[PDB]
Amino acid sequence: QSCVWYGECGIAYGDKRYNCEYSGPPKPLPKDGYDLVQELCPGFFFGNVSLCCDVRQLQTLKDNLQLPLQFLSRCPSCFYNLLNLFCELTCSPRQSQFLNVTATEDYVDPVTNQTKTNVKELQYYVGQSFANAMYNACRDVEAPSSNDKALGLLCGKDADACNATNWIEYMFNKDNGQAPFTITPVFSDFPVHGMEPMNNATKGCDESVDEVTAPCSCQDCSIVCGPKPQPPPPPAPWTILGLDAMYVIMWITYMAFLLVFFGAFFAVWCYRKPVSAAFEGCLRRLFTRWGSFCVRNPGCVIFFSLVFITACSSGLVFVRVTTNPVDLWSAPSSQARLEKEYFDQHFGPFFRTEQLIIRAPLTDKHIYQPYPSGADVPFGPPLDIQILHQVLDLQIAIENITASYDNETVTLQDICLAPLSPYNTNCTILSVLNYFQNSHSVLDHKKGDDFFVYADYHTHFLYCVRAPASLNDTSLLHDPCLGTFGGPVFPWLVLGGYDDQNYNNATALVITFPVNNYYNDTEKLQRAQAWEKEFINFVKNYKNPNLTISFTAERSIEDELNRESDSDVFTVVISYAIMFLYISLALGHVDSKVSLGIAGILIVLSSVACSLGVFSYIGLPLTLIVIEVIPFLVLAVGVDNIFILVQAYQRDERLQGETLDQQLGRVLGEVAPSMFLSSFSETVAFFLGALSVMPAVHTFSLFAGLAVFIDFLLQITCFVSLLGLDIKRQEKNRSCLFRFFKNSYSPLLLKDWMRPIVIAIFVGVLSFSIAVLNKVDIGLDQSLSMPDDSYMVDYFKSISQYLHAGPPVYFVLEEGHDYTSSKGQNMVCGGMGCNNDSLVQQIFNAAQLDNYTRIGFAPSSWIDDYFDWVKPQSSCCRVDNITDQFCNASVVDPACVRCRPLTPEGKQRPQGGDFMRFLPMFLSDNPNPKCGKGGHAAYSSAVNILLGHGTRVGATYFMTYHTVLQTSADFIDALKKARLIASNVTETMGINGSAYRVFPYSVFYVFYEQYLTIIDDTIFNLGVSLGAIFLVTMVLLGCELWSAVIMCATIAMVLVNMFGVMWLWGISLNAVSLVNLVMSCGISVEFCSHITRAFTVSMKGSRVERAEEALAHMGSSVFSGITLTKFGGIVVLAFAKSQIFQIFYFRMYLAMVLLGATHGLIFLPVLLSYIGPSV
Ligand SMILES: *[C@@H]1O[C@H](CO)[C@@H](O[C@@H]2O[C@H](CO)[C@@H](O)[C@H](O[C@H]3O[C@H](CO)[C@@H](O)[C@H](O)[C@@H]3O)[C@H]2NC(C)=O)[C@H](O)[C@H]1NC(C)=O
Ligand SMILES: *[C@@H]1O[C@H](CO)[C@@H](O[C@@H]2O[C@H](CO)[C@@H](O[C@@H]3O[C@H](CO)[C@@H](O)[C@H](O)[C@@H]3O)[C@H](O)[C@H]2NC(C)=O)[C@H](O)[C@H]1NC(C)=O
Ligand SMILES: *[C@@H]1O[C@H](CO)[C@@H](O[C@H]2O[C@H](CO)[C@@H](O)[C@H](O)[C@H]2NC(C)=O)[C@H](O)[C@H]1NC(C)=O
Ligand SMILES: *[C@@H]1O[C@H](CO)[C@@H](O[C@H]2O[C@H](CO)[C@@H](O)[C@H](O)[C@H]2NC(C)=O)[C@H](O)[C@H]1NC(C)=O
Ligand SMILES: CC(C)CCC[C@@H](C)[C@H]1CC[C@H]2[C@@H]3CC=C4C[C@@H](O)CC[C@]4(C)[C@H]3CC[C@]12C
Ligand SMILES: CC(C)CCC[C@@H](C)[C@H]1CC[C@H]2[C@@H]3CC=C4C[C@@H](O)CC[C@]4(C)[C@H]3CC[C@]12C
Ligand SMILES: *[C@@H]1O[C@H](CO)[C@@H](O)[C@H](O)[C@H]1NC(C)=O
Ligand SMILES: *[C@@H]1O[C@H](CO)[C@@H](O)[C@H](O)[C@H]1NC(C)=O
Ligand SMILES: *[C@@H]1O[C@H](CO)[C@@H](O)[C@H](O)[C@H]1NC(C)=O
Ligand SMILES: *[C@@H]1O[C@H](CO)[C@@H](O)[C@H](O)[C@H]1NC(C)=O
Ligand SMILES: *[C@@H]1O[C@H](CO)[C@@H](O)[C@H](O)[C@H]1NC(C)=O
Ligand SMILES: *[C@@H]1O[C@H](CO)[C@@H](O)[C@H](O)[C@H]1NC(C)=O
Ligand SMILES: *[C@@H]1O[C@H](CO)[C@@H](O)[C@H](O)[C@H]1NC(C)=O
Ligand SMILES: *[C@@H]1O[C@H](CO)[C@@H](O)[C@H](O)[C@H]1NC(C)=O
Ligand SMILES: *[C@@H]1O[C@H](CO)[C@@H](O)[C@H](O)[C@H]1NC(C)=O
């Protein structure tokens, strides 16, 4: 056997040369084009080659394969068979078996006068199962900038009826203009004329060609791609018989309660036919004696108390204020905080983002019609050419801003981040104008002639939203849309308002300005914030009636909070003014107590300032929010104690010749145990609520506890002396409620029929509260912490309404992994031979779910890219022969050799020291137009290399994006499921011990890690505070366990009803809701204590009469003392300016006050009447 048509001497036209005829033996290859044999069909290299082939023939094949390579190279198993059909067809060693030249003519040589016979025509025998396996396996390849089949672009006609036999005929036909001579294919599967066609092994778009080349994608093949994944949605509601299954357990219980209760009443109604006294007695004596002492030594007492106030409150000179949200809302040692500490150290902190959500309301969508052919494509309003010009103008102007600072200018070019610098230094700007490179000329330049435009910016947009990483349009335009900074711009980051793939339909435009964030550096942060201030002002004052901008900045939340935290002290001052007005006129009724009310307010403010100052000395910084919510609470408690004491005296009648000290000592000894119990129960409650892990609640709790305690002490002391002085005064000229409570309310409430109704109603409300308890929301909106008139609220609305991607995620593989071994790479890979449970594959599956696991996009790993780069076929890597230095992809090719040898052993992955030998050059590679993307603009940051000792790799991350996250529920779900993925990877890696582990890092993790344990945090906090209250009460009130248990049960009822009100007004259970509940459990005592003690210490006959006696006596002071004061306070606060107050403090306080009032003054009377301790 032998080949024909050897060499290429003839010429058809242009460069087309008819191959020369030569029917001799197959020519041993010259050892010269060994590389070509490894590129065209490596199936020939088993050296004795004896190939009929010629290198000018190999290179003219390669020249013809440019467009087929461009289309079918997407799926290697396809372009592989196509090659099998051409290499064998041209210079296979048994060419004569399946070939027969027909037409040949002399070719005169202008060099030798020697006639060389050209091959004008011949037939090529192709199997039918071969043409069938080829077309059917390549028929699915889609084209770029379209959703057609690449055969639609390679048949020469519509892709709907290009059969498999005709297309090969057209490919071999010179009628297209590419084939140098037309070949008539014969598709016979059996040897005819003694001529048997070629039938080599064949591979479809599903099977892979080599142990390193992944199969074709289901984008370009329909058979490879199967059933989608699906998670099971568990609601986990019990729903016993149709309803919440908690609505029924309670309704069922309540009916049982009402029957077992009225079935005992209506059942009896027919039946008509040293251990305690020793500690409670020394306190009375001590307090009487001390009150007498303070009443007869007023000068010394008041002077020492003022000296104490100043000595303690002068530490307010060292006051520091914390405004950085991380320190406020993040525990200094939480798991997420430690992960953020680890990420900022090895990869540098996450950058600062300044978004811009532009929208064009004044415009309608328009249609784009392709000239040659194609369905109509509608474009959203903002993708209009005029709107694009105006947005480009806005962006180019946003780049000017300089915002001088510290006597020096600070330009964006200076503060923004440029990944690949100092080679390219423009910087990262993520706008849809980067597809055109921010150029009016590039945006307007058209490539058509009158009556039609060939290409347009519509065409460019459509091509690169499909392929945003190209370096040229390569389709009648030949322009890249990679971006001025170098690196792709993903269409989901620069657009919004479209529908699930149709970036044509985008209704909004997103524009991001990434800025470097610095780790332990303040001049740079000051510089960035100084630029951001001017950016904000500019964007705020830009008019442009054609656009509706929703903007933000990294420093905008902090600015918003410093503006709301100073806009309500103007609120707190009116509150104290109304408190003083009420206190001055109501404290007894020149029967006016204005002088005494002023003294009480000054003692209270003194207590506030003193608390703040002592803790400033200790070093706890102020949150300025506390400094605003603390005064209200302290005023409430102080006014209650003052009124109790002053009124028991006012209501006290003097024995025989008593001057002043004896009466005051007697009144204080009989009133102090109660005031002391209330003050201590609240101090302990508050201090104990200062145990959670949140610096804002921690410090607030501490501050408020100390202020209340110090205020109690200072009041009881300076104020009892000053009360003695003022009582002496006025006795030289220098009740209507009590009648009611005893006269018409106490008797009514305690009748024998009204009591069962009241108890039933209150137990019913408690049952309701227990039923709807577990339906309380969890978390904070993050949009309600802002005023109403702010632009951040609008920005959050715009996000929720338009954006499609969320915050980026980094799956940080900690330091300690190998990376220099087959298995060490398989654990990390998302590739050919490495495992199916690897990190990248697991993140890929998670992204495939995208609703269950809130991870939206593929990992975009660096090791997969590195391997693609190092593969010899790619050829991007190329070293100098003598220097072992990185030869760029654009080089004269003087002496640079390929990095990996092009052999079967070199095809494998670089497992040994070549990995770490070539990795740095990759990470230093730039985006070369001939090579590709390079590994500098995307992975230089993502890979850490330790110098020396073999240059072992450090910590690396694989960053993907979250899905649009709109609510606290969304954020907590994202955190949880990211943790799940990380734990799976950590498990699968099978680490010896816990030397290292994978963990995900996102910006909001520190702010949302508290809601993964907030429920157990609430349980612990509430239980501990209530047990502390219980113990303090059962100790201080004597030793009666019955009174203490009744009071504790009433406060627990109050808390449960607090949770009911939470559910009912839409308050969430965050660390603020939790602080207020743990506080309320401490304020309830202030109500529940007076009534129960007035009941306990009484020696009348029946339970009803004891109840009415306690009600009259103490409740006349309790309704006027605590209720009205706290009510005036809350009604002034109802008009807030910061949202969080007006929602949580106002609602929580109104609920607490009115709930405690009702419980105390009604349910305590009746419950004691029924089951109170006898004596
Ligand atoms: C989201 O974008 C897609 C396309 O990117 C929109 O699909 C197109 O819908 C518009 C609506 O008018 C059609 O103009 C267009 O269909 C055109 O071409 C067909 C081809 O025969 C023609 O018969 C029609 O008359 C029309 O000219 C749609 N494109 C196709 C065929 O896919 C989709 O509607 C967008 N979503 C929204 C909210 O509009
Ligand atoms: C992932 O996100 C959500 C899953 O919660 C899915 O949302 C897609 O589109 C909108 C979202 O607002 C919803 O639309 C659906 O439209 C059809 C129209 O016929 C309607 O019959 C459905 O009842 C539903 O309203 C829907 O949440 C969702 N659509 C579908 C078909 O799921 C999204 O689809 C999810 N991704 C995948 C791949 O399912
Ligand atoms: C077509 O099939 C033939 C089968 O002989 C291939 O020829 C080689 O087959 C093996 C590699 O595929 C070699 O190990 C054999 O040495 C060699 N067989 C012969 C001719 O003796 C041929 O390579 C196939 N086509 C391609 C893709 O090269
Ligand atoms: C971004 O980098 C490009 C080069 O990569 C810089 O060069 C540009 O300079 C002018 C912009 O002011 C344009 O007129 C040039 O066309 C453009 N270079 C090329 C190749 O055309 C440019 O200065 C950088 N920034 C901007 C804003 O373009
Ligand atoms: C417009 C489309 C159809 C063109 C793509 C098909 C082209 C690239 C195919 C069809 C026929 C093929 C040619 C058939 C014959 C020869 C002669 C041989 O000694 C070198 C390869 C060469 C030159 C082939 C190059 C690739 C080729 C030209
Ligand atoms: C209110 C009492 C307990 C004092 C505490 C005041 C401060 C610490 C509270 C009040 C409002 C709160 C903010 C509410 C909203 C947000 C936006 C969110 O994306 C980050 C947390 C952050 C920033 C919270 C941090 C904590 C916060 C600032
Ligand atoms: C090739 O693939 C096509 C795709 O539909 C299929 O119809 C055809 O049967 C396949 N060829 C076979 C099975 O021989
Ligand atoms: C703003 O930018 C324009 C264009 O880059 C430039 O001409 C001008 O000097 C810059 N500064 C201005 C306008 O103050
Ligand atoms: C910067 O400071 C120097 C010295 O204080 C001063 O002379 C100079 O004017 C300042 N820069 C500008 C722009 O004014
Ligand atoms: C895109 O198109 C050209 C072909 O004209 C290609 O060679 C190159 O990769 C890109 N253009 C340039 C000028 O490099
Ligand atoms: C809006 O766009 C038009 C486009 O012609 C322009 O003339 C106008 O100045 C822009 N701003 C407006 C109308 O406020
Ligand atoms: C996954 O793990 C290995 C590698 O593929 C294999 O033993 C197993 O069958 C695979 N199965 C799936 C579903 O990935
Ligand atoms: C490249 O280096 C090899 C290694 O010794 C050497 O044999 C070869 O001659 C060198 N070629 C050139 C062009 O420097
Ligand atoms: C390519 O590498 C050469 C090596 O010296 C360098 O001079 C040139 O600037 C590089 N071009 C790129 C990275 O685009
Ligand atoms: C984590 O892995 C388990 C099996 O080990 C699997 O059941 C679960 O779905 C995985 N979680 C994901 C993929 O979020």
# chains A, B, ... in the order shown; residues from 1 in each chain; ligands from 1
>>> residues_around(residues="residue A:825", least_positions_apart="5", cutoff="9 Å", atoms="only C-alpha atoms", output="ChimeraX atom specification")
/A:818-820,834,838,863,911
>>> write_last_selection(atoms="N, CA, C and O atoms", output="PDB file, in the first residue's frame")
ATOM      1  N   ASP A 818      -2.024  20.029  51.548  1.00  0.00           N
ATOM      2  CA  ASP A 818      -0.795  19.723  50.824  1.00  0.00           C
ATOM      3  C   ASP A 818      -0.738  20.390  49.452  1.00  0.00           C
ATOM      4  O   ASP A 818       0.159  21.196  49.185  1.00  0.00           O
ATOM      5  N   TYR A 819      -1.676  20.060  48.565  1.00  0.00           N
ATOM      6  CA  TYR A 819      -1.744  20.672  47.240  1.00  0.00           C
ATOM      7  C   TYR A 819      -0.675  20.168  46.285  1.00  0.00           C
ATOM      8  O   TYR A 819      -0.694  20.521  45.104  1.00  0.00           O
ATOM      9  N   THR A 820       0.271  19.376  46.765  1.00  0.00           N
ATOM     10  CA  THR A 820       1.349  18.889  45.916  1.00  0.00           C
ATOM     11  C   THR A 820       1.275  17.382  45.758  1.00  0.00           C
ATOM     12  O   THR A 820       2.290  16.690  45.733  1.00  0.00           O
ATOM     13  N   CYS A 834     -10.017  14.090  39.563  1.00  0.00           N
ATOM     14  CA  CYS A 834     -10.144  14.298  40.996  1.00  0.00           C
ATOM     15  C   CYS A 834     -11.595  14.124  41.444  1.00  0.00           C
ATOM     16  O   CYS A 834     -12.536  14.281  40.663  1.00  0.00           O
ATOM     17  N   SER A 838     -15.125  16.707  46.089  1.00  0.00           N
ATOM     18  CA  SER A 838     -14.137  17.735  46.362  1.00  0.00           C
ATOM     19  C   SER A 838     -14.808  19.057  46.715  1.00  0.00           C
ATOM     20  O   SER A 838     -16.019  19.234  46.567  1.00  0.00           O
ATOM     21  N   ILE A 863      -7.303  26.638  41.064  1.00  0.00           N
ATOM     22  CA  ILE A 863      -6.452  25.509  40.721  1.00  0.00           C
ATOM     23  C   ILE A 863      -6.866  24.918  39.383  1.00  0.00           C
ATOM     24  O   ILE A 863      -6.022  24.507  38.578  1.00  0.00           O
ATOM     25  N   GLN A 911       2.092  17.136  39.371  1.00  0.00           N
ATOM     26  CA  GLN A 911       1.938  16.731  40.762  1.00  0.00           C
ATOM     27  C   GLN A 911       3.157  17.052  41.623  1.00  0.00           C
ATOM     28  O   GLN A 911       3.014  17.325  42.818  1.00  0.00           O
TER      29      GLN A 911
END
>>> closest_atom_pairs(of="chain A", to="ligand 10", cutoff="9 Å", atoms="only C-alpha atoms and all ligand atoms", output="JSON lines")
{"residue": "A:470", "atom": "CA", "partner": "ligand 10", "partner_atom_place_in_ligand_line": "1 (C)", "distance": 8.9}
{"residue": "A:471", "atom": "CA", "partner": "ligand 10", "partner_atom_place_in_ligand_line": "10 (C)", "distance": 6.6}
{"residue": "A:472", "atom": "CA", "partner": "ligand 10", "partner_atom_place_in_ligand_line": "1 (C)", "distance": 4.2}
{"residue": "A:473", "atom": "CA", "partner": "ligand 10", "partner_atom_place_in_ligand_line": "1 (C)", "distance": 6.4}
{"residue": "A:474", "atom": "CA", "partner": "ligand 10", "partner_atom_place_in_ligand_line": "2 (O)", "distance": 4.8}
{"residue": "A:475", "atom": "CA", "partner": "ligand 10", "partner_atom_place_in_ligand_line": "2 (O)", "distance": 8.0}
{"residue": "A:476", "atom": "CA", "partner": "ligand 10", "partner_atom_place_in_ligand_line": "5 (O)", "distance": 9.0}
{"residue": "A:477", "atom": "CA", "partner": "ligand 10", "partner_atom_place_in_ligand_line": "2 (O)", "distance": 8.1}
{"residue": "A:478", "atom": "CA", "partner": "ligand 10", "partner_atom_place_in_ligand_line": "2 (O)", "distance": 4.6}
{"residue": "A:479", "atom": "CA", "partner": "ligand 10", "partner_atom_place_in_ligand_line": "1 (C)", "distance": 6.5}
{"residue": "A:480", "atom": "CA", "partner": "ligand 10", "partner_atom_place_in_ligand_line": "1 (C)", "distance": 7.5}
{"residue": "A:929", "atom": "CA", "partner": "ligand 10", "partner_atom_place_in_ligand_line": "9 (O)", "distance": 6.0}
{"residue": "A:930", "atom": "CA", "partner": "ligand 10", "partner_atom_place_in_ligand_line": "9 (O)", "distance": 6.1}
>>> residues_around(residues="residue A:690", least_positions_apart="3", cutoff="8 Å", atoms="only C-alpha atoms", output="short mmCIF file (atom, residue, chain, number, x, y, z; two decimals) with N, CA and C atoms, in the first residue's frame")
data_model
loop_
_atom_site.label_atom_id
_atom_site.label_comp_id
_atom_site.auth_asym_id
_atom_site.auth_seq_id
_atom_site.Cartn_x
_atom_site.Cartn_y
_atom_site.Cartn_z
N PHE A 686 -30.92 44.23 86.32
CA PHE A 686 -30.16 44.90 85.28
C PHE A 686 -28.74 44.34 85.20
N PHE A 687 -28.03 44.33 86.33
CA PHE A 687 -26.67 43.83 86.31
C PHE A 687 -26.62 42.44 85.71
N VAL A 697 -25.14 45.75 74.29
CA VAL A 697 -26.06 45.41 75.36
C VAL A 697 -25.28 45.20 76.64
N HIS A 698 -24.07 44.66 76.52
CA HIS A 698 -23.26 44.43 77.70
C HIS A 698 -23.04 45.76 78.40
N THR A 699 -22.46 46.72 77.67
CA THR A 699 -22.17 48.01 78.29
C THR A 699 -23.44 48.72 78.73
N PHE A 700 -24.50 48.71 77.92
CA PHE A 700 -25.74 49.36 78.36
C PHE A 700 -26.25 48.77 79.67
N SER A 701 -26.30 47.45 79.77
CA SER A 701 -26.76 46.81 81.00
C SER A 701 -25.92 47.24 82.19
N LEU A 702 -24.60 47.16 82.05
CA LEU A 702 -23.72 47.57 83.14
C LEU A 702 -24.03 48.99 83.56
#
>>> select_by_dssp(residues="stretch 788-822 of chain A", states="alpha helix (DSSP H)", output="JSON, numbers by chain")
{"A": [791, 792, 793, 794, 795, 796, 797, 798, 799, 800, 801, 802, 822]}
>>> write_last_selection(atoms="C-alpha atoms", output="CSV table (one decimal), in the first residue's frame")
chain,number,residue,atom,x,y,z
A,791,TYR,CA,-31.6,57.5,51.4
A,792,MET,CA,-30.4,54.2,52.8
A,793,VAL,CA,-34.0,53.1,53.2
A,794,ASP,CA,-34.5,53.7,49.5
A,795,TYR,CA,-31.3,51.9,48.7
A,796,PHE,CA,-32.4,48.9,50.6
A,797,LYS,CA,-35.8,48.9,48.8
A,798,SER,CA,-33.9,49.2,45.5
A,799,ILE,CA,-31.7,46.2,46.4
A,800,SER,CA,-34.6,44.0,47.4
A,801,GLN,CA,-36.5,45.0,44.3
A,802,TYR,CA,-33.8,44.8,41.6
A,822,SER,CA,-2.7,13.6,43.4
>>> residues_near_ligand(ligand="ligand 4", cutoff="8 Å", atoms="only C-alpha atoms and all ligand atoms", output="PyMOL selection string")
chain A and resi 396+424-427+437-439+484-486
